[PDB]
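In what follows, a structure is listed as C-alpha cells, so that the remarks can point back to it.
Here, each number is a calculation from the coordinates, and none is a lab measurement. Here the Cβ positions follow ideal geometry from the backbone for every residue, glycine too, while neighbour counts run over all protein chains shown.
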Protein chains: 2
Amino acid sequence: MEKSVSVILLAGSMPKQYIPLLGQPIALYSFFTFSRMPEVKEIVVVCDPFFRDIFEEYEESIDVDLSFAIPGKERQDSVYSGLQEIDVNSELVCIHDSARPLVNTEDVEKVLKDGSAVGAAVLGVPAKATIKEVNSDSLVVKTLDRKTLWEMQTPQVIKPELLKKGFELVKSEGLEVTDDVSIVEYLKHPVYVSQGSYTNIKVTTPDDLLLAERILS
Amino acid sequence: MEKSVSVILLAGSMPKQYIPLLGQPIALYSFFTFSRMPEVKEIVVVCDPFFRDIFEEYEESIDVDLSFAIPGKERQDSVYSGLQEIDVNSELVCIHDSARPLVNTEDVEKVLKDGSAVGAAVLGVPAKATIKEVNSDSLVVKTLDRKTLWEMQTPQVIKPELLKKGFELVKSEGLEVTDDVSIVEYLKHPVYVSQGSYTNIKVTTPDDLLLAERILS
Ligand SMILES: N#Cc1cnn2c(O)c(Cc3ccccc3)c(Cl)nc12
Ligand SMILES: N#Cc1cnn2c(O)c(Cc3ccccc3)c(Cl)nc12
Ligand SMILES: [Cu+2]
Ligand SMILES: [Cu+2]
Ligand SMILES: [Cu+2]
Ligand SMILES: [Cu+2]
Ligand SMILES: [Cu+2]
Ligand SMILES: [Cu+2]
Ligand SMILES: [Mg+2]
Ligand SMILES: [Mg+2]
Ligand code: NA
Ligand code: NA
Ligand SMILES: [Zn+2]
Ligand SMILES: [Zn+2]
C-alpha cells in the first residue's frame, strides 16, 4: 500500500486554482495533502508550463516524485495526458481537481481503500436539493420511491488498467463524454461511492474563496 | 390574470430567513417582489406568530391582502396550513421559500404562466455538478445517455385543486413525502420546469448571506 498510488492533480485575473487562500495558492493545499500520505508515490500535475514553478519550488521538501503533463482541451483530455505520465506499476490512480483544496486526508484514505477494493471509487455527498431529470418537453420525469442522489466530488480513484480500457473504448467507438464519470459508465465494472464531506467544495466563483477561508478556520 | 394568484410564503441567533440583507430581513425581499406583481392578490405568510409583525408593518403599503397561517412540523405541513387560507377562487397558488430572497420578477412571471398553462410548474436550473443515483451497495447507478438533471428552486406554482387532490391522496394512502415534489409525483398530471436563474439561491448557511449581498450589487 505504501507508494502504490499516483495522483493526477488537475490544475489546467489568475485562474481560480492559483489564487491564494491564507497566502497559499489553492492548488497547493491538495498537493500537500497528497504529498504527506505514505500511500502516494507521485503527483503528476497537469498544468500550463507557466505555473510549473508553483509546485517545483517544493519539490525537494515533499516525499513524492513530482511530474508534469500538458493540459488538454477538455477535462478528460487532461486526465489522459496525466495518465500517460504515471509510474508503470502504480496500483491506483487518484485524480483530483486542484480547485478542491479542502479535501481531508481521512476522506482521501477512504476513497483510496474503496478504489483498491472495488477497482473504481469516487468521493460523494448526498445532494441536499431536490433534483430531477427533465425531459425534452420540459417536464419532470417522476419517480415514486424516496430516491438517493449523490453529488460527486474528487478524488476519483481507479486502477489504471481499467481507466486505460475506458479511454480505449471511448476513442475506438467515438463515444460522448458529458460528465465526470461518463468513461466508467461505459464499462461493466462497478464504481463505488465513498462518503465524503460537505466541506470538500470546488472553488469556482470568487464567493467560494471566502467560504474556503471560513472553513480553514 | 390580474389578482388571480395566491402566494404561500414559507417563513417558518435569528432564523436565517429573518436575518437582514442590507438592513432588510431576508423574508421581506421575496414578499415585496410578489406584492408588486399585479397577478398576485394575496400572500399567506406561514410563520411563527412572533414574526408576524415583520410583515404586518407593511400591510397598508402593499397591494395585496396579507394573511397568516401557522407552520407545521414538516415543510409539506406548512404548505397545507397555508393552503387552507387562500382565497376560495384563486386560480393558482405560488409556494415560495422565504430563504430565496433574490427571485427575479421576470422568473416569477415565467413560472406563473407555465403553471397556469400546464397546471403545475417549478423554477429549475441545470445542475452543474455530476450527480448520480447510488444503490444500496453504494454503487453508482450508471446511465449511458447524456442526461439532464435540474435543481428545483421556488416558486412552485400549482392549480389549488390539483394540490388539494395531491394532499388527499397522500393522507388517504399514507404515502411518503421525501423531497419538494413528492406530492405531485404521485399524481399523473404533468409538472413543467420553468428555467430560472442561478442567482435564485437559498440562504441556508451564514456564508450564503454574503453571497446574497454580493448578488444584490
Ligand atoms: N473528465 C472526465 C471524465 C469523464 N469520465 N471520467 C471517468 O470515468 C473517470 C474515471 C473514474 C470515474 C469514477 C470513479 C473513479 C474513476 C475520470 Cl478520472 N474522469 C472522467
Ligand atoms: N414540502 C413539500 C412538498 C412535497 N411535495 N410537494 C409538492 O408536490 C408541491 C406542489 C408542486 C410541485 C411541483 C410544482 C408545483 C407544485 C409542493 Cl408546493 N410542496 C411539496
Ligand atoms: Cu522527482
Ligand atoms: Cu519513482
Ligand atoms: Cu460554490
Ligand atoms: Cu388584508
Ligand atoms: Cu380579497
Ligand atoms: Cu449555498
Ligand atoms: Mg472488471
Ligand atoms: Mg390532470
Ligand atoms: Na521558471
Ligand atoms: Na406585535
Ligand atoms: Zn494511510
Ligand atoms: Zn405581470
Worksheet item: Taking residue A:38 and the conditions (1) crowded, with 22+ Cβ neighbours inside 10 Å; (2) farther than 25 Å from residue A:177 by Cβ, which numbered condition does it fall short on, given that it satisfies the others?
Response: (1)
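Hey, could you check segment A:137-159 for residues that are of a type outside the set (A, V, I, L, M, F, W, C) and crowded, with 18+ Cβ neighbours inside 10 Å and say which is farthest from ligand 10 (Cβ to nearest atom)?
Among those residues, the one meeting the criterion is A:159.
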Worksheet item: In segment A:1-27, how many are in a strand (DSSP E or B) and touching a strand residue (DSSP E or B) at 6+ places or on another chain (Cβ under 9 Å)?
Response: 6
Item to complete: Exactly one condition in (1) more than 7 Å from chain A (Cβ to nearest Cβ); (2) closer than 18 Å to residue B:75 by Cβ; (3) not acidic (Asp, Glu) is not met by residue B:172; state its number.
Response: (2)
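Per-residue answers, yes or no, for (1) within 16 Å of ligand 9 (Cβ to nearest atom); (2) buried (at least 18 other Cβ atoms within 10 Å of the Cβ); (3) within 19 Å of residue B:204 (Cα to Cα):
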residue	(1), (2), (3)
A:175	no, no, no
A:189	yes, no, no
A:198	no, no, yes
A:202	no, yes, yes
A:205	no, no, yes
A:211	no, yes, yes
Discussion item. Residue under question is residue A:109, and the condition is that it be in contact with a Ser or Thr (Cβ under 9 Å, 6 or more places away or on another chain) and farther than 26 Å from residue A:206 by Cβ; does it hold?
Written reply: no
Practice prompt. Would you check if residue A:118 is more than 14 Å from ligand 13 (Cβ to nearest atom) and closer than 19 Å to residue A:199 by Cβ?
Written response: no
Fill in: Number of positions in segment A:146-177 that are within 8 Å of ligand 1 (Cβ to nearest atom) and within 22 Å of residue A:132 (Cβ to Cβ)
1
Worksheet item: Out of the residues in segment A:189-217 that are facing chain B (nearest Cβ under 9 Å) and in a loop (DSSP other than H, G, I, E, B), which is farthest from residue A:124 (Cα to Cα)?
Response: A:205
Practice prompt. Counting only residues that are away from every other protein chain (no Cβ under 14 Å), give me the strands (runs of 3 or more DSSP E) lying completely in segment A:43-144 with at least 1 of them.
Written response: A:65-69, A:92-97
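Being in contact with a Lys or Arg (Cβ under 7 Å, 6 or more places away or on another chain) and part of a loop (DSSP other than H, G, I, E, B) is the filter here, so list the residues in segment A:154-179 that pass it. Even if it seems obvious, please write down each step before you answer.
Going through segment A:154-179, the residues in contact with a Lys or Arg (Cβ under 7 Å, 6 or more places away or on another chain) turn out to be A:154, A:176, A:178.
If the condition is that a residue be in contact with a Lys or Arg (Cβ under 7 Å, 6 or more places away or on another chain) and part of a loop (DSSP other than H, G, I, E, B), then A:176, A:178 are the ones that fit.
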